Every structure is written in structure tokens, then in C-alpha cells.
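The block underneath contains the structure these notes are about, expressed in C-alpha cells.
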Amino acid sequence: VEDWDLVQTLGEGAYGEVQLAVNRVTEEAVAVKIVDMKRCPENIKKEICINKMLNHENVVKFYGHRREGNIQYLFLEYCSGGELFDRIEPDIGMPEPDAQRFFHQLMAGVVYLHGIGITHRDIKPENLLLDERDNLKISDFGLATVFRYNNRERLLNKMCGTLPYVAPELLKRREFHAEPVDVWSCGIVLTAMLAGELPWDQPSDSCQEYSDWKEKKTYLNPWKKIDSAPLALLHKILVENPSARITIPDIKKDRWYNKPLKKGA
Ligand SMILES: NC(=O)CSc1nc2ncnc(N)c2[nH]1
């Protein structure tokens with residue numbers, strides 16, 4: 001209902017909804033995110049602001065914004081593939097070559113964000129969308145924030161994200177570096193893809209499955225489905241001390257990361 005028709009509902013969250021809009025003249029599809037500022041104005045001005053900085057093949061395109069009352073309309077690349085979440089078979093995951101390719105595309109997007117001083121802070125399969133040729137795009141910058149400006153880093157203090165995906169320092173420390181948190185969440189997503197389950201409700205000393213992983217009990221049941229070469233990478237991502245945790249440039253040199261698995265189109 002805005003130059004375009006609102007054909008179907010795409011992702012009814014908390015803020016409002018994402019709809020698939022079609023232009024009735026040109027037949028062009030986009031996603032429109034609809035937020036009723038009455039039902040925050042502060043984070044939404046941050047979201048659109050972050051979104052205008054963004055330009056990359058593995059980040060959901062931003063086309064523009066109108067205010068039409070209280071109602072903000074973020075116009076956004078439509079991804080006809082839907083959520084990575086729906087390509088993960090529960091208890092099974094997906095073929096390893098598919099997982100690896102999605103993991104390459106996720107790191108490409110994350111390297112790009114971090115390079116422009118942005119952290120997403122909520123990486124999980126619900127927030128990773130697939131375009132028409134199954135290319136992965138990072139979606140939803142509503143929790144995103146700047147962690148580097150004029151080349152100076154600032155530590156984060158606000159706890160946010162989604163508990164099974166969150167790194168342990170964010171539960172333990174008053175301030176923490178933004179990039180190791182995104183890396184950790186990337187390793188939970190890789191686990192979800194290769195085992196089709198999440199390893200723990202949250203990375204707490206009070207959580208048994210998490211305790212089991214630190215004791216390297218990899219005979220148990222996320223890890224036993226995985227396979228020694230991706231598992232070795234996960235041993236380097238899911239390291240409790242954020243300073244010993246592997247970084248992205250070092251992820252790109254990992255053996256499974258560079259292992260040939262998958263054919264072309
Ligand atoms: N609820 C949210 O914050 C986003 S839901 C969503 N956003 C989308 N953008 C493009 N294509 C889709 N299928 C989309 N689904």
C-alpha cells in the first residue's frame with residue numbers, strides 16, 4: 001500500500017512486521033519492514049543509519065526509508081530463499097558442502113561489517129537469508145552497533161543477542177570486545193548447520209552441556225555428528241577466553257575452511 005502492494009506477511013516479529021511488497025507497474029518485489037514508532041524511535045534511527053552505511057553482496061540491501069506518520073517503512077532486498085533456519089533439518093543439519101559454502105558467505109559478510117566498524121550482535125540462522133541463487137545475506141541491523149570509529153575501538157557493555165548464540169564473556173564481563181562475540185555466534189551457527197541442534201541453552205558454568213564441552217567430551221551429541229575437520233575449527237571458535245579465540249583472518253586459513261567439497265552451479 002505504498003506505490004507497491006503488500007501481498008504477503010514475511011516475518012511478524014515484535015517491532016512490527018516484514019511484508020513482501022510488489023510494484024504493480026514493474027512487478028518488482030521487495031521486503032518492507034513496518035515499524036509503528038508508537039507500539040521505539042531511538043534504535044530505529046540507528047537501524048536505518050547503520051543500514052545506509054551498508055553495501056555488500058552478503059548483507060541484505062537497503063533501498064530507502066519513508067516516515068508516513070508514526071509508521072517507518074524500511075525498504076529491503078527481498079530474499080526469495082527464506083531463512084537459513086529452514087534448510088537445517090532438526091537433528092541432522094545439512095550436507096557438509098552446503099554448510100561450508102554458507103559459512104564462507106557468512107564470514108565474507110562478517111569481515112565486511114567488521115571492516116567498517118559495525119557489529120551485528122545477533123547472528124543466528126533466523127537472521128541469515130537466502131537470495132534466489134541461495135546466496136547468504138546477513139539481515140536485521142536492529143541490534144547492530146558501531147564498535148570502531150575514527151580507528152579507535154570501543155568495548156561494548158550492553159548485553160544483547162540470543163542466549164544459545166551469545167559468547168560467555170558477554171554473560172561474565174562488564175565490557176568486552178565486539179569482534180570475538182560475532183565470531184563465537186558464527187561457530188554456533190556452524191554447529192547448528194552440521195548437527196541440526198544447538199549445543200547449550202547458554203554458555204554458563206551453570207549449564208551442563210557447556211561444562212561438557214570445556215571438558216572436551218566430544219563423544220556426546222552435538223559434536224559426535226560433526227566430523228573431525230569442521231570440529232577442529234569449532235574447537236578454535238568456541239574457546240571461552242575471547243583473547244585466545246581464533247580470529248577471522250585465522251579462520252580463513254583453517255584446514256576444513258579451505259577443504260574442497262562442492263561443485264559449481
Ligand atoms: N522480522 C524481521 O526482522 C525480518 S523477516 C524478513 N526480512 C526479509 N527480507 C527479505 N526477504 C525475506 N524473506 C525477509 N524476511
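Read-outs: derived from the displayed coordinates by stated rules, not from any lab. Neighbour counts run over all protein chains shown; Cβ positions are idealised from the backbone, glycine included.
From helices alone, the chain scores -8500 deg cm²/dmol at 222 nm; the rule is -39500 (n - 2.57) for each run of n ≥ 4 DSSP H residues, then divide by the residue total. When the listed pairs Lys158/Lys217; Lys217/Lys253; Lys61/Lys137; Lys137/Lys158; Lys158/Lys236 are checked against a 20 Å cut-off, the alpha-carbon distance exceeds it for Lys158/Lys217; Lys217/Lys253; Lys137/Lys158; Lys158/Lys236. Counting only DSSP beta bridges with both residues in the chain, the antiparallel share comes to about 95 percent.
Scalar couplings 3J(HN,Hα) for region 221-235, obtained by applying the Karplus form with A = 6.51, B = -1.76, C = 1.60 to θ = phi - 60°, are 9, x, 6, 6, 6, 8, 2, 5, 7, x, 4, 4, 6, 4, 4 Hz; x denotes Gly and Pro. When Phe147, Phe85 are sorted by how many other C-beta atoms sit within 10 angstrom of their C-beta, beginning with the fewest, the order is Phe85, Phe147.
Of all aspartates and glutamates in the structure, the ones whose alpha carbon falls short of 15 Å from that of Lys38, not counting any fewer than 8 places away in one chain, are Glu17, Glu68. Whole Å is fine, so just give me how far the alpha carbon centre of region 134-165 lies from that of region 190-265. About 21 Å separates the Cα centre of region 134-165 from the one of region 190-265. Close amide H contacts of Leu128 (hydrogens built in the peptide plane, cut-off under 5 Å, sequence separation of 5 or more or a different chain): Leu84, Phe85.
Each 10 Å bin from zero holds the following percent of Cα-Cα pairs in region 146-253: 14, 48, 30, 8, 1.
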